[PDB]
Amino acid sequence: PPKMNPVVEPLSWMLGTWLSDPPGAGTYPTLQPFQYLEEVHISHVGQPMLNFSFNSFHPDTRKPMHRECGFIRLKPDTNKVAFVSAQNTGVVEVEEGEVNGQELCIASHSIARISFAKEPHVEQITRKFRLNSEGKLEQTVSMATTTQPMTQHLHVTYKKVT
């Protein structure tokens, strides 16, 4: 209901409640391929930023899996974007980059974790968000871990439900 702060207009295409369709696709050189369901809620309350919650679930049992939440800020009147996330693995990250048209490309510069986080530890993350020609939201996530160089981990497209 609050009018949207002009600072976040360059990312207005991300706003909504979204559901992975088809299921998200998970991979890594060390992992068997997997699928997952994900609910994405991207919202705002009038501040110069977006609020997000991304919650994934097992496609069959619907048991909760990865979860994260945070904020997406922009430098006013620019296309420069900064993303902060806390993840249920006990990991936090700061990613920055830019939006051009309806594509956002960001990369981590800072990652920290809890002392008992499960190994292997992630060292670098990059994400690409885009709105495709059908009006669906796409996210692709890549990462490097202590033992694996930068490569794709996740790809998902979402249907807006709300």
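Counting begins at 1, following the sequence as shown.
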Of 26-34 and 49-57, the stretch whose C-alpha atoms average the higher B-factor in the entry: 26-34
Stretch with the higher entry mean CA B-factor, where the candidates are 153-161 and 1-9: 1-9
Per the PDB entry, maximal CA B factor within 44, 127, 118, 136: 118
Among modelled residues of the same chain, the CA temperature factor third for residue 122: highest
Position of residue 66 among the chain's modelled residues by C-alpha B-factor, lowest, middle or highest third: middle
Third of chain Cα B-factors occupied by residue 144: highest
Entry-reported Cα temperature factor of residue 89, expressed as the chain third it lands in: middle
